[PDB]
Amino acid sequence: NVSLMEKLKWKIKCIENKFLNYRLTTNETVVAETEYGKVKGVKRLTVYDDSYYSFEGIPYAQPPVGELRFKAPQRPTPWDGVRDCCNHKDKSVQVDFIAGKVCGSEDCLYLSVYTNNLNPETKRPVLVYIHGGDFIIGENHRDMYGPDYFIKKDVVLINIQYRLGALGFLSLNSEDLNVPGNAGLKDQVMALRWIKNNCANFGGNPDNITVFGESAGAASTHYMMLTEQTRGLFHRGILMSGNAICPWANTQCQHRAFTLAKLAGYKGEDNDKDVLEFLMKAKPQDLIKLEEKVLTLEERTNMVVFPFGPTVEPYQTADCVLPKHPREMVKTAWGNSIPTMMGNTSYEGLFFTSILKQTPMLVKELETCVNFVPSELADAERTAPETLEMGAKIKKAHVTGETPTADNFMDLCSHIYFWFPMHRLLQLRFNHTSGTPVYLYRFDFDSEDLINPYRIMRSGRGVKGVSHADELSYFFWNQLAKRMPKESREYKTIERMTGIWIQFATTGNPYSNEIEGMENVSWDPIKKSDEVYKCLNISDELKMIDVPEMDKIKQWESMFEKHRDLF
């Protein structure tokens, strides 16, 4: 999907970034304590001449290799002496989002801790970032998730890794095998427990932890707010462009281990025990490479998004994360009672620009829109008159001219994958909480002067509009970033976005009169009685507005008028 020209430019950027990082490294190292032993970090500079202490490669679990492959994480072995945390470790095995080749290692259960001051005068809010990438790509490397903007302020920032793909999400029905699923979510649980137990050693306040994530990281943050495994571990949550009831955020994959094994050379029958023995002997690169082939013709027909990901676990175990569907988990979730902020960008579906260019026939799906009707409302063949009528409602919402267009398709995508699940979650959750506030934002700031690698992945050079993941450039330094002038609209947006997130992490209320341009903002959380959502819209200005997407959201909701029990 990425052009040969862009791959060359990316290689050049990787090299330039390596040498920049040498020039940003100081000769000052420091030792900190953890429950498992001492760690050595290093003081680094940013291009803005701020500085921070950097600890990367802190293990929170045993490497999940050998007999521990596909199992829940186990606590790491303590060490004497000082563990070197002055460089990053491997990412989880995955197909590189630009090069298209498998990279990473099974030895990936690490987190990184960053702070401008290891012995501050007051214990600090701890912000914990869970990366996205569809449960199949991503990392905590600073070439994508640099802490350089957050460390301007007095917080502790922690970026975790967790297992991806089939290595993180295999699930087998046979109880005796102890592979129920969700290993990668269990990795997240173990990391959050580590953070509670150890953040004070880095100046953090274990009574004031905020978890945030974007895309699959937002679904992950939501899962961490739903599961009993994490009850009470943290105190605020931010869901950026996703949640755990999005249609793409979970799947029942218990039958797919056999299919993967067969693609990898397995010659036996479909029983979990023999399938698992084969998969335990496979090279991890072989499994991850074949993942793109696992979905069957029937599953592709049924619009299953990914073969492996979060699943409803088939039997209970000590470490079980998802014992029921997330919609049912919302009903009893501990995280309903902590301050929550949710939001999306102003043109999420622009992410699909490249896909529509490669296959313009996709626009024909807008002729009836039956393939976009929620699966719980559609008949199996998607031919029933009631299903066509629901599709017609979707079509009216998004097809604005005589002929459907690619922009209509991308607008639809914003709703099916992001806005509509957000609405459904807000309405479900209101029945299962005690007035705990939820705040909405809308990220609506467009620039190509400060970008992030997701723009390359989506072939989005010269494309106007605020796509999924474009906001990450205002939260994290990355290898495509450059120093921006203090007076520039981009620099101000960095200050505003990090500032609002830090304010929310601190107090559970995202408003502060100390954030420039926010003095005249009255940002109320969403009430059960609200018929139109209000959000803070972040453009060149900060303004409270009616969510522009509301009318379309209501049109999607109308599909449930005769099936309200499913909404």
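A residue's number is simply how far along the shown sequence it sits, counting from 1.
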Check: Looking at the entry, does 22-30 or 509-517 show the higher mean C-alpha B-factor?
Finding: 509-517
Notebook entry, point to check: Looking at the entry, does 332-340 or 377-385 show the higher mean C-alpha B-factor?
Noted result: 377-385
Notebook entry, point to check: Between 152, 222, 357, 163, which one tops the list for C-alpha B-factor in the PDB entry?
Noted result: 357
Next item on the list: From the list 140, 74, 77, 346, select the residue with the highest C-alpha B factor recorded in the entry.
Entry: 77
Next item on the list: Taking the values exactly as deposited, rank residue 96 by C-alpha B-factor within its chain and report the matching third: lowest, middle or highest.
Entry: highest
Next item on the list: Name the third of the chain's ranked CA B-factors that contains residue 39, choosing lowest, middle or highest.
Entry: middle
Note to self: Considering every modelled residue of the chain and its Cα B-factor in the PDB entry, is residue 56 in the lowest, middle or highest third?
What the structure shows: lowest
Check: Ranked by Cα temperature factor within the chain, is residue 45 in the lowest third, the middle third or the highest third?
Finding: lowest
Next item on the list: Determine, from the deposited record, the chain-internal third of the Cα B-factor for residue 270: lowest, middle or highest.
Entry: highest
